[PDB]
Every structure is written in structure tokens, then in C-alpha cells.
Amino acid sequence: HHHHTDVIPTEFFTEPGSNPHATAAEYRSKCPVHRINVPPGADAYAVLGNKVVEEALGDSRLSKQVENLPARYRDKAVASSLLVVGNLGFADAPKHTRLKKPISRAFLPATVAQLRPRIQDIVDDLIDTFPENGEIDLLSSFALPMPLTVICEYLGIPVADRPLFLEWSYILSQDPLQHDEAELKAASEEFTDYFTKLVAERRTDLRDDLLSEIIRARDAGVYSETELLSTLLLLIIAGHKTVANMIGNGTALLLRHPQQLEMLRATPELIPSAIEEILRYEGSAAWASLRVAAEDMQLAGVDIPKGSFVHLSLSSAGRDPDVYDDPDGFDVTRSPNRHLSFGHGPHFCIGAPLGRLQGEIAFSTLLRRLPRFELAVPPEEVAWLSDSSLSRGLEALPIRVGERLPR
């Protein structure tokens, strides 16, 4: 027996590949917690075991506040990214409760459930734009614009400014410690200027939306200007990137498992179950967001010094054989199917009801209206996107639409 000091390469995070699951399993079988080179040169750990991910997700010794980063990382993150500085996503107790309170009611299940008719119209309006018996990229035609439209209408942001939101979201979702600095600063400043002007307009006649609730909190001193702007940015990013990748990953997985797609066609009621299995197997967030040791700490026997990054692999947690029978089998009937793909504890996804509802309406409507859509390319041509973001998602999903039935 000899002690081993190997550090998981950066690429395990930034450039995983088509099947990174075997690699994660090999690391996980040896230990739940490992040194990882993310960002490059940093003291950082990856957590791969389901149960230890679950503990870490809720462990208050891990801070989400950017001021708890070592100075060289803190200074770089703050100068670049409006995302990391002032929202509930990057807040510990008690700031987390203050930053969460103005928006939490808007995301309750029974409230979100009233968006069903408008979501259905958005989905139908998008499918109406498909070329019948043509070819689409499902991401650009549907998976991106559907949830962007939903969160835009729900905030009371003009749908017309779609491509600005798509670009700002993609750039500002990237890790400011790994991604081009100039790009993120420009995105931060362009987002700031747009929303400064929109808020000033919306203030002069508050409308009864979420943006009006957010403006009210700002005007009452519950949010600073930065916290209003950072909060809007999280809601926009987390609002559409995750749902986009759920529809993209999910459609690819169903086409890769055609008998289970036929099952969903025959019995549409199974679609919520299929959504949960999509989230376990290829969850839109492969990693939980920024966490740093606030103090010297031990997690599952490994000593993590103060200031170390701790990266939680939701992807690895989804395939843990301690939790799931046949973890690498995709089975839409898996039940119950408890997973960590929406996180756990105080930062549990506020969007989960809204994401689950959009998933059900999206897949129900695609399967009903396009009775036989298929891949437009050989499956080996379907590429997973590599970037510094928390995402697990496709570059593109070429689809032959086939016949298109009316809404």
C-alpha cells in the first residue's frame, strides 16, 4: 500500500467528452473526495459520492460568498462576473434569506401551476415555426427560446430582446476564473445598462410581475442596486439554460432509447417520470455552483484547508450504485427516483416546480404534435458542449421534424 497524490485534471470539469461517466465511476470507487485542478493552480476538491454530495450541498462550513475566496480568485471573479456577487445563489445565512424572500412566493408550485396555459401557447407558437417535413436544430429552434420566453414574460422583460439575453446568459454562466475576462466584463456592463434603463421605465408604473416585486425590494432597501441586477441575471440564466439542456439532453436520450420513446408516446402520463430520469442521468447542472471552505474542515476523511474550492459533481451523484440499481441504465419508469440534480438543503432550486412544469408541457407537446421526429445526423455526430460553466448540454441537436399536427 502506497499513498497517492493524484489531482483530477482540469479537463474532467472543462472537457469531459461524450461518456465521462466511466471516469467519474473509477474516481468515485476509490474515494468520494479528490484533489481537482479547477480552476488551474488552485487548491480545490471534487466530491463524487451521492451521500457526500448531499452532505456538502447543505454544509455551512462551505461558503457561497465570493469574499471567502483567496484574494487573487476573489478579485478576479468580482472584476469580471455580475453573477457571483449579489444574489441568493452566492449567499450564506443570513444574507441568503434576505435575498430569497422577495422572489420565493413567485416560484411556489400552485402559483407556477397557473402559468400552464401561457407555457402551452409559447410551446405551440414555437412548434408552429418548425418547417414541416424539414430539419431544425432543436436547441436554437425550441429548447433555448421556449424557457427564455417563459422567464422573460414572467419577469415582464420584452421577449423581442431574446438574442441579447441568449448571448449575455451564455457568457455570464462561464467561470470568471477560467473564461476570457474581457468578454465577461463587457457582458456584465451591457446587462447592467439594459436593466438599469428597463427598471427605471418599469418603476414609473409598477405592473404586477416579479420584476415589480424585485424593484419594490430595491426601493425598500431589501436589495442594493447590485443585488437587483445580480438577482435578475441568475433568474435569467438559471431560468433558461437548465430547461434548454433538459429538453436537449432529454430528446437525445429518448432518441437513443427509442422503445422508451414509444412507451412515452403510448402513455403520456409517464412523461413526468421520464423527466426525473433525464435529470438523474444527464442533469442540466453537472456541477453545483461556487463553494469554498470558510475554515479548515474535514469532509468524509479528507482535510480541506480554508480557502479551497469544493466542486460537487451532481453528474457523479446521479450514477452512484449505493443509491441506484443499474445506475448507467436509462429507465423512464425508475420509481421512486430521488436525485441531487436540483441540489439539496438551503440552496435547493427555487425553479424546480417551474422547470418540471416546462419539461412536462415541452415533451407532451413535442410527442403529440410531431408523431415521428428523428435525428437528422448519425448519433456519433451529436456533440456534447465543453465550457467552463456548470452545464451538461449539447452543441446542437439536428432533428427531422416529420409530420406536424396542429396545436
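Residue numbers here begin at 1 and follow the sequence given.
- Set 372 to 380 against 34 to 42 and average the Cα temperature factors; 372 to 380 ends up higher.
- As recorded in the PDB entry, 203 to 211 is the stretch of 108 to 116 and 203 to 211 with the greater mean C-alpha temperature factor.
- As recorded in the PDB entry, 179 shows the highest C-alpha B-factor of the residues 218, 280, 291, 179.
- Reading the B-factor column for the CA atoms of 161, 262, 303, 320 in the entry, the top value corresponds to 303.
- In the deposited entry, the Cα temperature factor of residue 100 sits in the middle third of values across the chain's modelled residues.
- When all modelled residues of the chain are sorted by CA temperature factor, residue 72 is found within the highest third.
- Among all modelled residues in this chain, the alpha-carbon of residue 395 has a temperature factor (C-alpha) in the middle third.
- Annotation for residue 338: C-alpha temperature factor in the highest third relative to the rest of the modelled chain, per the entry.
- For residue 401, the recorded CA B-factor ranks within the middle third of the chain. Only modelled residues enter the ranking.
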